[PDB]
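Read the structure below first, then the notes.
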Amino acid sequence: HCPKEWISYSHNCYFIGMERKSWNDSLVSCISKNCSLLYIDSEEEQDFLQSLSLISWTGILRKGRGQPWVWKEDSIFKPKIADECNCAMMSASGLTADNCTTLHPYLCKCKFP
Amino acid sequence: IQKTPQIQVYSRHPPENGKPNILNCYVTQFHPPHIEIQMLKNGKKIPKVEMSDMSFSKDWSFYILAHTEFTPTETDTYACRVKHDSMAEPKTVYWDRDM
Amino acid sequence: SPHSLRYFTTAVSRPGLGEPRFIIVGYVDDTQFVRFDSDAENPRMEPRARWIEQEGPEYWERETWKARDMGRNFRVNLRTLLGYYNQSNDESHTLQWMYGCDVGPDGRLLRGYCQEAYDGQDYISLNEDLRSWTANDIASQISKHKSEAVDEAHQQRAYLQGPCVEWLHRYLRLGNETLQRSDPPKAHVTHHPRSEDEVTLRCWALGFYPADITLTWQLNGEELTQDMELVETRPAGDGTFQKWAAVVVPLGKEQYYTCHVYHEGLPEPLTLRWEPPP
Amino acid sequence: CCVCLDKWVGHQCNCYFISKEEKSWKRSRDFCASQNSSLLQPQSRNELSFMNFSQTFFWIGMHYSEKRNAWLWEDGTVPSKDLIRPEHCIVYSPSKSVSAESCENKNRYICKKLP
Amino acid sequence: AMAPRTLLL
Ligand SMILES: [Br-]
């Protein structure tokens, strides 16, 4: 049971942030609402998220130039990510690297009990 | 603002009197894209004229290649008639084996 | 050495003759490979190169689908633009969109494009940084503001750096034997008596691939002094190109004039002269 | 509650099915009918507010009444904005665009679950 | 392949 103004897909709640924030602030804003910055589990979910046709900060991030992209909890889905562009964003063309400091919208996955 | 089409009428292969060939009409540097291209045999229109897909250059002006099956002869006069918004009268360019 | 994937889209409005004509033409390295025309018997993405036929119905379906949405949106965009410029519906108006990839021998993006023109004039274009747009007037400033609200620049940059680059690589290997082929020019010299004391010597270069060529005339083994007539390179319509260079020479001076053909499909350049029958 | 079946999207206590597949208008409304739903009737301005950025066109529950000689919703209701040929069927973009097209043309669709 | 989006003017 998600709030009326939000999106409900596969027992998870989704909402867009009111503002365009940096990667960190976008991660911080989701946590503050008992949700998490968008994470991808399946292609069916990714394709549904591409249907919304929005720019969204994704949870997937890298520590540096040679450091690998980090995501956990044994979910094999790791899509193709297209400098200081060390953070991954979701678009209509799939996952794309971008500068964490640049302001982009963000989507939170809540998953109510 | 309109751009006046530039025309080139020529054969695909070196012409030989009696030997069948392809006649080309290369129309370029024009705007707006609405254009009428007629290929002629002794002043009369040719029905089966194949058009290339309407594309444009980076200066936004359109270009198109019209073509028809023809047979070069010393007697027959071949041409390309072009009707475009930029010209009050149609532009006719004759085919010259020499160019 | 440089490689490119580009799409040229055109929506040209009809004065009561139904809906506007919608065209998309795809080019890989300056040669057409796919086309969509709303005026064709059954509008769909059609192959315009033999090597793209290697794509399964899954590819064609996806592209026919993208094109049908594009046309609808370009039609709506034409109706928005008419209202912006307070134009009569009874006239032919045109909206153009060019976008694509520029890669070097290094398989990475050199530059990305995403620009539009309304009635032959620039409207809105994506900057080299691929983060901001350039408007040209009030109407385009409204369209820039609309694009900003839906983060269009970021969306286009995503495509330009990702799928556009990746697909270009797939196309480059798919039609390598054609794209990077070398058709040598077949050169000959025609004689045309221009005046009572003058002659036109026309040096032809036919059936060559790629289109890049250098045709030059030399008087007694030295570069042109007079004005040289030359046609703009033209397609033969079979995949190859044609071009000619001409010179107005005095009568009896034909042999003291030599033509030089410079094309990558030739191991050594071609040296040509007018060959008179005995 | 206000939850939806697998692959469906819930918003404002309404269950929507956004198609991946292209189908004719008749077959699309026939698919919606079987899932005890119907094609979307976006008489409300921003029905698909969550889909607002989408440029994609989907079939909607609109039918031309040859007797009343005007456009009508599957409901029987009469719309008022964004509109022409009676023989054509309507596609709607969540970005509020509306386009007429052949009913035998294949297109994506949106089913809205009935109560 | 083509871009999934165009500019909505
Ligand atoms: Br928030």
Side-chain angles (χ1 to χ4, degrees), chain B residues 1-16 20-37 39 48-70 72 80 83-86 93 95-99, chain C residues 6-15 17 21-27 32 34-37 39-40 46 48 91-98 113 115-123 186 188 190-192 194 200 202 204 206-207 229 231-238 240 242-244 246:
Chain B
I1 310 292
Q2 293 160 353
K3 288 207 178 192
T4 304
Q6 297 301 308
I7 309 150
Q8 277 209 79
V9 185
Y10 56 97
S11 63
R12 179 181 286 172
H13 302 122
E16 284 182 64
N21 204 344
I22 295 293
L23 190 66
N24 293 305
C25 185
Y26 186 45
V27 191
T28 62
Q29 272 98 45
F30 65 92
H31 196 93
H34 185 52
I35 198 138
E36 198 194 348
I37 300 156
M39 302 206 74
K48 311 296 165 206
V49 169
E50 294 295 328
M51 304 288 286
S52 75
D53 294 297
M54 185 75 66
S55 190
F56 54 90
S57 304
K58 270 76 184 292
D59 74 322
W60 307 104
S61 63
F62 294 85
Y63 62 82
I64 196 139
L65 181 63
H67 79 263
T68 192
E69 289 182 62
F70 92 121
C80 189
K83 205 222 84 64
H84 189 260
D85 318 45
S86 66
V93 177
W95 170 67
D96 205 329
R97 341 189 136 259
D98 295 356
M99 43 205 275
Chain C
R6 307 189 198 281
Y7 291 95
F8 298 78
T9 307
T10 302
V12 44
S13 73
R14 264 85 165 270
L17 284 91
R21 198 186 193 202
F22 186 77
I23 311 97
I24 308 169
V25 291
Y27 284 89
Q32 202 202 358
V34 285
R35 79 100 158 129
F36 180 91
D37 196 339
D39 263 9
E46 275 177 69
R48 282 284 165 275
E91 279 191 286
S92 56
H93 296 286
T94 172
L95 176 67
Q96 281 157 268
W97 182 42
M98 190 278 294
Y113 301 98
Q115 39 199 249
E116 279 186 350
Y118 186 60
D119 293 334
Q121 309 282 295
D122 283 320
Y123 188 76
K186 284 93 194 161
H188 74 272
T190 57
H191 193 273
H192 320 288
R194 191 181 169 262
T200 306
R202 192 158 278 111
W204 298 79
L206 305 164
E229 191 193 7
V231 282
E232 298 296 286
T233 317
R234 63 211 191 183
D238 49 17
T240 71
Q242 306 188 354
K243 200 183 171 83
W244 57 248

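First the proteins, then the strands, lettered A, B, ... as listed; each starts at 1. Quick note: numbers below take in every heavy atom, side chains included, and nothing from hydrogens, waters or symmetry partners.
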Legend entry - Residue part contacting chain B, namely of C/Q115, when any heavy atom lies under 4.5 Å: both

Legend entry - Which portion of B/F30 sits near chain C, non-hydrogen atoms under 4.5 angstrom: neither

Inset, instruction - Verify, without hydrogens or angle tests, whether B/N24 (side chain) and C/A236 (backbone) share a donor-acceptor contact under 3.5 angstrom. - result: yes

Inset, instruction - Measure the spacing between OG1 of C/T94 and NE2 of B/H31 and express it to the nearest 0.5 Å. - result: 5.5 Å

Inset, instruction - Please report the closest heavy-atom contact between C/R234 and B/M99, naming both atoms and the distance. - result: NH2-C, 3.8 Å

Legend entry - Heavy-atom neighbours of B/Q2 CD exceed 12 at 6.0 Å: yes

Inset, instruction - Measure distances from C/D238 to the heavy atoms of chain B and classify the residue's part below 4.5 Å as side chain, backbone, both or neither. - result: both

Inset, instruction - Select, from C/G207, C/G237, C/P235, the one with the greatest count of heavy-atom pairs under 4.5 Å involving chain B. - result: C/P235

Inset, instruction - Let me know if B/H67 has heavy atoms under 4.5 Å from chain C in its side chain, its backbone, both or neither. - result: neither

Inset, instruction - Let me know if B/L65 has heavy atoms under 4.5 Å from chain C in its side chain, its backbone, both or neither. - result: side chain

Legend entry - Verdict with reasoning, B/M54 to C/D37, per side chain to side chain contact (heavy atoms under 4.5 Å, CB included): CA-CA 9 Å; B/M54 185 75 66; C/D37 196 339; over 6 Å; no

Legend entry - chain B contact via C/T200 - which portion, at a heavy-atom distance below 4.5 Å: neither

Legend entry - Interatomic distance, B/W60 atom CH2 to C/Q121 atom CD [nearest 0.5 angstrom]: 11.0 Å

Inset, instruction - Please flag which part of B/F56 lies under 4.5 Å from any non-hydrogen atom of chain C: side chain, backbone, both or neither. - result: both

Legend entry - Heavy-atom proximity to chain B below 4.5 Å, by part of C/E116: backbone

Inset, instruction - Count the heavy atoms of every other residue, nucleotide or ligand shown that sit under 6.0 Å from CZ of B/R97, and state whether that count exceeds 12. - result: yes

Inset, instruction - Would you mind telling me which of C/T240, C/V231, C/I24, C/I23 has the largest number of heavy-atom pairs within less than 4.5 Å of chain B? - result: C/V231

Legend entry - Winner by heavy-atom pair count (cut-off under 4.5 Å) against chain B, out of C/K186, C/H188, C/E232: C/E232

Legend entry - Spacing of NE2 belonging to B/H34 relative to NE2 belonging to C/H93, to within rounding of 0.5 Å: 13.5 Å

Inset, instruction - Assess whether side chain to side chain contact (heavy atoms under 4.5 Å, CB included) is satisfied between C/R6 and B/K58, documenting all intermediate values. - result: CA-CA 11 Å; C/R6 307 189 198 281; B/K58 270 76 184 292; 3.3 Å; yes

Inset, instruction - Starting at CG of B/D53, measure out to OH of C/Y27 and round the result to the nearest 0.5 Å. - result: 8.0 Å

Inset, instruction - Tell me, please, which residues at least two apart from C/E229 pass side-chain contact (heavy atoms from CB on, under 4.5 Å). - result: C/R202, C/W244, C/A246

Inset, instruction - Kindly determine whether C/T10 and B/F62 satisfy side chain to side chain contact (heavy atoms under 4.5 Å, CB included), including the steps that lead there. - result: CA-CA 10 Å; C/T10 302; B/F62 294 85; 3.5 Å; yes

Inset, instruction - Measure distances from B/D98 to the heavy atoms of chain C and classify the residue's part below 4.5 Å as side chain, backbone, both or neither. - result: both

Inset, instruction - Please list, chain by chain and in numerical order, all residues satisfying side chain to side chain donor-acceptor pair (under 3.5 Å) with C/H191, sequence neighbours excluded. - result: C/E254

Inset, instruction - Could you look at C/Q96 and say if it's the side chain, the backbone, both or neither that has a heavy atom under 4.5 Å from chain B? - result: both

Inset, instruction - Select one option (side chain, backbone, both, neither) describing which atoms of B/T28 are under 4.5 Å from chain C's heavy atoms. - result: neither

